[PDB]
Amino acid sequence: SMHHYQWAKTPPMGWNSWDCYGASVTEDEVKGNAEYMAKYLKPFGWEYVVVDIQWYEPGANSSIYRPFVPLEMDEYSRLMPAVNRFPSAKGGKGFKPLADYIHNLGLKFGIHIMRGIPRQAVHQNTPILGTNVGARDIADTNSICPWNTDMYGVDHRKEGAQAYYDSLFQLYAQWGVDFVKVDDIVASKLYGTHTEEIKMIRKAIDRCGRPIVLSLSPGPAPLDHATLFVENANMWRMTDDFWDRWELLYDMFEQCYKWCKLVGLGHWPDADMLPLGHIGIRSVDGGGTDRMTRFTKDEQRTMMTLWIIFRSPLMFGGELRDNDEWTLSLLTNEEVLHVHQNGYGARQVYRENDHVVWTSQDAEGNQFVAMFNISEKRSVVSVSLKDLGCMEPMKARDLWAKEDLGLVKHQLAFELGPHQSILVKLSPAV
């Protein structure tokens, strides 16, 4: 129904600078991660290189924002890249040179924005492109982000509000942006979902003339706005910021369950970025510092398995150049990636005693089953073929291990350690 669905026919795959560099990534870091993606990941689908929040804040140095500071901005109230961090942006070029470089690697370019219009623009009353009202005249008088001071909300009832958002996506299209992650929009402790700005952004993107995939943040996303999200966004965060802590991974199981009927071509509920590999380099969030992910290998596989079968977008959050062989292997298993790319219909078959099973299928007769022990004790997790809707015996294969398991006549059953999972393909017997 919505043309923009065609811009994300499978769930977006890429890298995002937040978990490794907070608000502070530099051009060289972005390029290095892009070069890695081009070389090792791109043939497996990984394509977006996304500069996360506050690329317009020259003094950013962490995940903790420096409040009330000046921001780089053009003459039409539009935030611009900090030239110290992004030297190719010198001379008002913005992100075009960086985006060109990324496109020349065969990749796509993404940016984070904060909902609204900068506070400094509203206080100074700087101009808006394409109208003779000033920034001050389109601001909401009662709309802020509770955890960041950069912006005020834009009031869609005001003349010039749509013009401002149109002008942002003109700029981003000029730069060659392919993806935008809009933040302080899905959930807010003070205000709830900013629905009207979502609609203004949808319209701005549709007018700018370029395919720009729309990601919305942060969660938890209310189901009450399911129709709005499904129709307007290509991806939307189910949860608040995800980190390498078991408790947050445990919690994702329920959110997937809650959102599974709204997953479909072009509109992807988002389990958030993958905190794998080397993270916390200039981020202090998640209760950690400079580290390798604190998820155990079992937890890492559990996460990948759930995000894969659910069909979350996959946005790697570590510094890619520091990946070891293990970490790279989580990204490049063709059999596993078939479930994400070509599976559909994912659903929770059951959840009982902290054992969970999910299943999906492809168009070729295969059924995929992800079985999870999300308890604190080792245990056998099982599911009958009848509960999967398989009426005959099936061949089983462990997709992560790439290992035939033989014929299964009645049930699948595996001993799984705490937080451990397995992903199995069932197919018709020979």
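Sequential numbering from 1, following the sequence displayed.
*Asks:* Please work out which of 282-290 and 218-226 has the higher mean CA B-factor as recorded in the PDB entry.
*Replies:* The entry gives the higher C-alpha B-factor average to 282-290.
*Asks:* Should the higher mean CA B-factor in the entry be assigned to 267-275 or to 133-141?
*Replies:* The recorded data point to 133-141.
*Asks:* From the list 376, 52, 29, 47, select the residue with the highest C-alpha B factor recorded in the entry.
*Replies:* Within the set 376, 52, 29, 47, 376 shows the top C-alpha B-factor.
*Asks:* Which of these, 237, 311, 119, 157, has its C-alpha atom at the highest B-factor, as the entry lists it?
*Replies:* Comparing C-alpha B-factors across 237, 311, 119, 157, the top value belongs to 157.
*Asks:* What third of the chain does residue 22 rank in for C-alpha temperature factor, lowest, middle or highest?
*Replies:* Middle third, going by the recorded CA B-factors of the chain.
*Asks:* Could you say whether, by C-alpha temperature factor, residue 63 belongs to the lowest, middle or highest third of its chain?
*Replies:* Answer is middle: the recorded C-alpha B-factor places it there.
*Asks:* For residue 57, return the chain-relative third of its C-alpha B-factor as stated in the PDB record: lowest, middle or highest.
*Replies:* Answer is lowest: the recorded C-alpha B-factor places it there.
*Asks:* Relative to the other modelled residues in the chain, which third contains the C-alpha temperature factor of residue 13: lowest, middle or highest?
*Replies:* Bottom third by C-alpha B-factor.
*Asks:* Considering every modelled residue of the chain and its Cα B-factor in the PDB entry, is residue 380 in the lowest, middle or highest third?
*Replies:* As the PDB entry reports it, the C-alpha B-factor of residue 380 lands in the highest third of its chain.
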